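Before any questions on how it binds or moves, here is one chain, the form deposited in one PDB entry, in structure tokens.
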């Protein structure tokens, strides 16, 4: 939720969850807890490559971890990663508590989407609503910092 204190700023995890028969691709900045998410037409490697190219043109993505789905091991993905300078790593690191960072995120996210699902006509709107909420949520974790503020801050310090 608020990130892992011993993680580097370049690590990201990526997974696909499912809601109402739809495909939701998620990406989490392990160190802050910040996430990006989106509904996709199909669970293809072509769809996973677009998303990763969007994510690299904005954040300094060094390494991404994913499971071994056909969509994640495809050559379009692989090629995409090579182009972007991303080091791919198959297998989402295990954690005895959360099972997986990007795993507890897909859960928190379906939790939120569940609370605000009334205030939306399309799942696409709600997905984006949940992410906004997750990202602007502050907590004692650090002087009232949110996930969205932690990453720009972590990436700023790095650049500086």
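Positions refer to the first chain, counted from 1.
The form deposited with a partner chain bound is left out here; the points below concern that form.
In the deposited bound form, no heavy atom of residue 107 sits within 4.5 Å of the partner chain.
Residue contact check for residue 125: one or more of its heavy atoms lie within 4.5 Å of the partner chain in the deposited bound form.
Though the partner is left out of this view, residue 63 does not reach within 4.5 Å of the partner chain in the deposited bound form, counting heavy atoms only.
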